[PDB]
Structure formats: structure tokens, C-alpha cells
Amino acid sequence: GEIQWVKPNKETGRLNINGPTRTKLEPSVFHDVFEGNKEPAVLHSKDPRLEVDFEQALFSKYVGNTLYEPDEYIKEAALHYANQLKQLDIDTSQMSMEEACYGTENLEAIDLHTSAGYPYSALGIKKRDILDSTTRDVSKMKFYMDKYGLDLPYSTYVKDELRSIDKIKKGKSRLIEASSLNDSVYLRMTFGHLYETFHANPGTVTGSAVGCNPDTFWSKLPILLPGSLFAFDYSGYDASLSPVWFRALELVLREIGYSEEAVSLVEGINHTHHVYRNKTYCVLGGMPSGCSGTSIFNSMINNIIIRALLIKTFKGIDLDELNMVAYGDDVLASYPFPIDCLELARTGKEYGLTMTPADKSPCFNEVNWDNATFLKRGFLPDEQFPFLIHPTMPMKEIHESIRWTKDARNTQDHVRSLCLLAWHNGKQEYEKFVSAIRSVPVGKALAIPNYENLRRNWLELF
RNA sequence: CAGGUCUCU
RNA sequence: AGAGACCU
Ligand SMILES: [Zn+2]
């Protein structure tokens, strides 16, 4: 992606959009019990912790664009992925505004706890003022779809969250692009059934993990991904995407049967307009992280990317022997012979993609099941039942989370969730974690799950 | 102060 | 109907 221009709002006639400037995060009662290196992200240009210009660092992620149109590898790549999707039988027909607004068995309803975006969020109009769970009213939606139209600008905000000390020094917080309610509704009408099918089918047919439950899914992955593993990381994935990948996505949607009216909506996320504070800017390429379909479209494009890199990097690649699952930019894949990712990374460079060794490794090493990660979790065979696989969130990560809160009223639920993650690391690690919690007065007031109870419930899942 | 998935009372 | 965990 690449910023095409920046203009003052006066010049463009867009309302200003300001976000909160102080973090909601505060040190928790456990802050000094556990070690950790993360602090709330820089939210303000005048943050004492900064070491660079804030706004400069914020938009450095739009590194630029290489290809605008598909070459032959990408075309073949897209067609291979699109054919594989055909067996899913995605319903290319348009979903109903009520279903799109209020949800289905495989698609959650539009979030009403959350901003309506441009221009409502500056006219003091909340989504609860337009929709109603209990009515399933679509009557006010239709009205505002007509008053304000589609292709409304995204509203740029900085993300309030823990970040490592380095990224706080270097001002590399993340940006969130608030969609307009109008475009969410309409994208959900055009692609709702695709979303539904994807959510229902995590695995190697969709090539996607959206909708997986790591407790159970992790036992399936070494069967779905047989042979030699490969993996790697992306830097600035969403923003590094050139328009060719949106052209490639259009190819897939077409091949599985979407109308041209449906396929036309892709250009409206490849080319977007954003308001940050008092300015308007234009972005070409780059996924707008905050549009409907963000996780799924990023995942689909990733499926195209991997295929294209393989056949352009190596000779004799049979794409039918590829197995992969993606969650946005996160990927785990296998092939019947080892794949050198150093060479894939070099081809990736020509495509404007920056690919690094899996898991912040210094160099591209071998990936096996003992050191692979996915959604940050390792893979650890159960000592009693080795075919049952524990997802393992690292204790270091869990320590970072517990050292802060945004609202100490819900401390019980926070610590419980971490316990659900911790116990997979084993009895010894879990009792060490629990007893550190107990070492402090509110720690003795919490209801903490029993290890063998967690385990027994896990086994019952099968 | 966005789009989502997962889990819990 | 609440809450938390995790991906962008
Ligand atoms: Zn533009």
C-alpha cells in the first residue's frame, strides 16, 4: 500500500475525527508479582517515552506498491485456489439486510457496542439509534443507506493496547480504520454466505483458521498438514499489499461465480479514503484493517500469495500437494519435500512483501512440530494421549497480560481466561503460575480453576 | 476509540 | 443479556 495524497479537511469537506489520547490501561494488583516488558502504546505525539516523530512512524507501514496487475504465476495461483474452493459450494447470492444486520448461525450480528463510523460518529448518531436486536428492524438502515451512500471514508484511530518497549520508543502503535456502518452492512450483504461457509469450515479446503477453536483444532493440524512443514512471518502485511493481490482476489471471486456487481466491491477496499484528525488521505493497495471481511480477505489473499511464490520460486511444484491454513497473515503449511523460505522470501520481496523467519528467529531455520507456532501457540503432544495436541500459549505472554487492566472490576474473569490458556503448559507450570497469583491479597479472593478439572474437561471435548 | 473469531457466568 | 481471552 501507498498514500496517494493528503489534504486538509477544509479542502475536502470532511468532519474531523479525534480519538482518546490517554490509555485506559493501568498497572494491576499483579504488576510487581510477575515480570514483563510491555507498556500501553504511544497514543499522543507528546508522549515522554517517544524517541522519534510519532505520526511519521504511524504511517511508515505504507511502504509502497510493486505490481498493479497479475503476472502468470499469480493467475495460476488464483485459479488453483479458486477451483479448490468450488467443492465448498459457496452461495454467491446476496444475503438479506436483516440477516446481514442481525446475524445467522454462522455469522455474528453487527456489533452494537461499537462506533457507527462516518458520518454518524460526528453527528452523535450511535448504531443503537439505527438498529434493534429485538425488533430486527431494517427500516431505519435503508433510510440512511440512501441518505449517506456507500464508499464512505474510514476514520483513523490509534489502538489502545500493550506494546513492547521497542515499539513504544519507535512510536510504532497500530492504526484502526473505523468503517462506516453503511459499507459494513453492504459488504455483509454481498459476501455473508462466503463468511458463513468460511466460519463453518476452518481447515485446508478454505485454507483458513477463522472460526477454529485451538483446544480441538490443534489435534487436527498435523493430519491436515502432512509431510514437511514450512512457516514464516510478515512485516506490515495488510499495509504492504500491492493492488495486484486485490486484482488476484477478484479473479477468485469471479471463478467461484460472483456477479460482476459483487466483484466490483473489491476495488472499493483497494482504493480507500481515510480521515485522521484534521486531514483526509487516500490509500492505494493495503487492506483497510477495520472493514467487513478483514480476517477472511487477508486469509484468502494469503492463500493466493503462497501458491504464486511456490511456482515462481521452484521448478516442478505440484500445487495439489500444498496444504496450508491461514489466519490473516499468520500461516502454517506443508509439502511432501522441504521448502526453503529464504528463497520464497526473496521472491516475496519482488512482490513488495517483507517475509521474515518464523517466530522472530534470526534466520530461516527448519520448522517442525516441536517449534512451530500458530496464533502464538505451540504444539505439545499430551503425555497420556499423544495424538491429542495441546495448544501452548507461552507463559511469558500470559505474564504480560496479567500485569495490567482496563477495569479492575473484572479481574476474576481476566485471571480465569489466562488460567484456561496456562494449564496446557503442564501441571508444574500451572501450579507455579497459580501460586504466584495467590501470593497477593486479591489473589486469595479469586476462584481459580483446578488443574485436573481443566484437563478432564479438555479430554471430554473429544 | 474498527472488522472479526474463540471461550466463559 | 453481561464479561474476559486471542487475530488484524
Ligand atoms: Zn483516492
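Scope of the values below: all heavy atoms of this structure, side chains included, with no hydrogens, waters or symmetry mates. Chain identifiers are assigned alphabetically (A, B, ...) following the order of the sequence lines, protein sequences preceding nucleic acid strands; residue numbering begins at 1 within each chain.
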Would you please classify the geometry between the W218(A) ring and the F379(A) ring as parallel, tilted or perpendicular, with 30° and 60° separating the classes?
->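 Judged by the thresholds at 30° and 60°, the geometry between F379(A) and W218(A) is parallel.
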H390(A) and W458(A) aromatic ring geometry - parallel, tilted or perpendicular at 30°/60° bounds |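 If you compare the ring of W458(A) with that of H390(A), the planes turn out parallel.
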5'-most contact on RNA chain B: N106(A) or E177(A), nearest heavy atom basis?
->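 Its nearest nucleotide being more 5', the pick is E177(A).
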[X] side-chain N/O to [N] phosphate OP1/OP2 under 4.0 Å:
X	N	answer
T114(A)	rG3(B)	yes
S115(A)	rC1(B)	yes
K159(A)	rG3(B)	no

Which whole-number value in Å describes the distance from [X] [atom1] to [N] [atom2]?
X	N	atom1	atom2	value
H113(A)	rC1(B)	NE2	P	15 Å
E161(A)	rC1(B)	CD	P	17 Å
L194(A)	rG4(B)	CG	P	13 Å
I17(A)	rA2(B)	CD1	P	12 Å
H273(A)	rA2(B)	NE2	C1'	19 Å
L107(A)	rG4(B)	CG	P	7 Å
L421(A)	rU5(B)	CG	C1'	14 Å

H274(A) and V283(A), any side-chain heavy atoms less than 4.5 Å apart =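 Yes, side chains in contact.
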Student check: side-chain heavy atoms of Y234(A) and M355(A) closer than 4.5 Å |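 The answer is yes; the side chains approach within 4.5 Å.
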Can you tabulate the close N/O pairs, meaning under 3.5 Å, that link protein atoms to atoms of nucleotides 6-9 of chain B?
{"unit_1": "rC6(B)", "atom_1": "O2'", "unit_2": "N213(A)", "atom_2": "OD1", "d": "3.2"}
{"unit_1": "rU7(B)", "atom_1": "OP1", "unit_2": "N213(A)", "atom_2": "ND2", "d": "3.3"}

Determine whether the side chains of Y81(A) and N302(A) contain a donor N or O and an acceptor N or O closer than 3.5 Å.
->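 Short answer, no.
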Strictly below 4.0 Å, N to O, side chains only: are [X] and [Y] in salt-bridge contact?
X	Y	result
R174(A)	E161(A)	yes
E26(A)	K406(A)	no
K170(A)	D166(A)	yes
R455(A)	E452(A)	no
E429(A)	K427(A)	no

Just list the side-chain donor-acceptor pairs under 3.5 Å for residues 323-332 of chain A, sequence neighbours left out, or say none.
{"unit_1": "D330(A)", "atom_1": "OD2", "unit_2": "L375(A)", "atom_2": "N", "d": "3.0"}

Side-chain-base donor-acceptor pair under 3.5 Å for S295(A) and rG3(B) |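 It does, because a donor-acceptor pair links the side chain of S295(A) to the base of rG3(B) below 3.5 Å.
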Among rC1(B), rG4(B), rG3(B), which is the nearest nucleotide to the side chain of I176(A)?
->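 For the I176(A) side chain, the nearest candidate turns out to be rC1(B).
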When all nucleic acid strands are considered with a 4.0 Å heavy-atom cut-off, which category describes [X]: base, sugar-phosphate, or nothing?
X	answer
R409(A)	nothing
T156(A)	nothing
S155(A)	nothing

For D407(A) and for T294(A), locate the closest nucleotide of RNA chain C by heavy-atom distance; then report the residue assigned to the nucleotide nearer the 5' terminus.
->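 Final value for this comparison: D407(A).
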Positions of residues 428-452 of chain A (non-hydrogen atom under 4.0 Å from RNA chain C), listed by number =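 Hits under 4.0 Å, by residue number: none.
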For chain A, the stretch of RNA chain C it reaches, first to last nucleotide, under 4.0 Å of its heavy atoms |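 Range of nucleotides touched by chain A: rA1(C) to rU8(C).
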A178(A): side-chain contact (heavy atoms from CB on, under 4.5 Å) partners, not counting sequence neighbours =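 side-chain contact (heavy atoms from CB on, under 4.5 Å) list for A178(A), sorted by chain: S155(A), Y157(A).
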Provide the full list of salt bridge (charged side-chain N to carboxylate O under 4.0 Å, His left out) pairs with a residue in residues 178-206 of chain A, sequence neighbours left out, each pair given once.
->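 Pairs touching residues 178-206 of chain A that pass the test: none.
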If the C1' atom of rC1(B) is compared with that of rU8(C), how far apart are they to the nearest Å?
->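 Taking atom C1' in both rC1(B) and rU8(C), they lie 16 Å apart.
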